[PDB]
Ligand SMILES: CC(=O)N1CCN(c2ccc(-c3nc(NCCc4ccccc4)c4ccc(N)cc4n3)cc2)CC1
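We begin with a single chain expressed as structure tokens, specifically the form solved without this ligand.
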């Protein structure tokens, strides 16, 4: 069965979608794909509709498209965005170009929320718990989100949260400097920056320049020690520290005052500069600060996820074909 599409003009191009989606309004676009909000008549909820108009423009684009689509279809967790539908007007791989992705819109983005309210510790607690609970599930699939931002955390009027929009102030140092092999603790850094902002209401490292951003960080966590410099591989990186004035690592208890001491403890553990010593999600969920909500039995992981495609070198139409397969094979959620 093929659904009936209709055509209107938005943002300003021609959007052709199935009729289940009504009352489309543009919510803004960019270097990624245009997005309209719509009302889903099947589920009676308001949804986000994303139109990919340059998915197969090249190998880089095409593989990216297949990568994201595989991942979204695989993500099923209470605290992570899930793929509600995927469709194309194209009737055959021959005429295949545009891909639309639809997702559930929870009440608001957290960047927007933190303006409109000062958050209680009871809010931050439950908020940080769910990021970790979803992050644990993301990392269990051998995935790195790489782009944790308040703009990427949806929250609703009951303070329930979901991680969405997978991949410049919240990003771990070891990436900006191309030091090393960047592991999953890069997302824990962002969680640490996010937790700080939630408590204090102000951005923790509002860097303007790349250097400025780095400066602001070191004045808090201090400059690398003898142990970490051995672990920076390239000499460009290792010598970019030197004649830059050293700052000591600071005491966070004195930086965040009035904050819950257990919260202060957990931030010490997340914002360590050396990725090897930085805490994990599974270890974070067991932290005392979450004593109230932590349940080892309700913190699930992900079904094994086959990434073998990442090793393949294929032509566009090959990636194009594979993504079309995944679009045809999509199983919509229930309920």
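Numbering follows the first chain given and starts at 1. Basically, rigid core = biggest C-alpha set you can superpose within 1.5 Å across the two forms.
Q: Report, as yes or no, whether residue 52 is left without coordinates in at least one third of the other compared entries.
A: No, residue 52 is modelled in every other compared entry.
Q. At least a third of the other compared entries: do they leave residue 115 without coordinates?
A. Yes, a third or more of the compared structures omit it.
Q: Could you bin the unmodelled part of the deposited chain lying between residue 82 and residue 83 as none, 1 to 3, 4 to 9, or 10 or more?
A: Unmodelled stretch: none, continuous chain.
Q | Mean C-alpha B-factor comparison - 14-22 and 312-320, higher one | A | Of 14-22 and 312-320, the stretch with the higher C-alpha B-factor average is 312-320.
Q | Entry-level comparison of average CA B-factors, 266-274 and 47-55, reporting the higher stretch | A | Going by the record's values, the stretch with the higher mean is 266-274.
(Q) Comparing recorded Cα B-factors across 238, 77, 146, 73, which one is largest? (A) Among 238, 77, 146, 73, the highest C-alpha B-factor in the entry belongs to 238.
Q) Going by the deposited entry, which of 140, 97, 245, 111 has the highest CA temperature factor? A) Highest C-alpha B-factor among the listed options: 245.
Q. In terms of the chain's CA B-factor thirds, is residue 61 lowest, middle or highest?
A. Tercile = lowest for this residue's CA B-factor.
Q: State the tercile, meaning the lowest, middle or highest third, of residue 249 with respect to the CA B-factors recorded for its chain.
A: Middle third, going by the recorded CA B-factors of the chain.
Q. Lowest, middle or highest third of the chain for the C-alpha temperature factor of residue 177?
A. It falls in the top third of the chain.
Q | Relative C-alpha B-factor of residue 307, binned into the chain's lowest, middle or highest third | A | Middle third by C-alpha B-factor.
Q. Relative to the other modelled residues in the chain, which third contains the C-alpha temperature factor of residue 162: lowest, middle or highest?
A. Ranked within chain, residue 162 CA B lands in the lowest tercile.
Absent from the display: the form solved in complex with this ligand. The rest refers to it.
Q) Does this chain block this ligand or leave room for it once its pose in the deposited bound form is superposed onto the site C-alphas (blocked: 3 or more ligand atoms within 2.4 Å of backbone or C-beta; open: none)? A) Blocked: when this ligand is placed as it sits in the deposited bound form, 3 or more of its atoms come within 2.4 Å of backbone or C-beta atoms.
Q) Looking at 121-129, 89-97, 232-240, 248-256, which one sits within 4.5 Å of this ligand in the deposited bound form if you count heavy atoms only? A) Of the options given, it is 232-240.
Q. Looking in the deposited bound form, is this ligand within 4.5 Å of a heavy atom from each of 214, 228 and 275?
A. Yes, each of 214, 228 and 275 comes within 4.5 Å of this ligand in the deposited bound form.
Q) Of 199, 218, 204, 263, which one comes within 4.5 Å of this ligand in the deposited bound form, counting heavy atoms only? A) By the 4.5 Å heavy-atom cutoff, the listed residue in contact is 218.
(Q) Taking any heavy atom pair closer than or equal to 4.5 Å as contact, tell me whether residue 179 reaches this ligand in the deposited bound form. (A) Close contact exists here: in the deposited bound form, residue 179 approaches this ligand to within 4.5 Å, heavy atoms only.
Q: Considering only 225, 82, 261, 89, single out the residue whose C-alpha is displaced by at least 2 Å between the shown form and the other one after superposing the rigid core.
A: Residue with a C-alpha shift of 2 Å or more: 225.
(Q) Once the core is aligned, does residue 214 move its Cα by at least 2 Å between the shown form and the other one? (A) Yes, residue 214 moves 2 Å or more.
(Q) residue 144: after superposing the rigid core, is there a C-alpha shift of 2 Å or more between the shown form and the other one? (A) No.
Q: Answer yes if the CA of residue 73 moves 2 Å or more between the shown form and the other one after aligning the rigid core, and no otherwise.
A: Superposed on the core, residue 73 moves its C-alpha less than 2 Å between the shown form and the other one.
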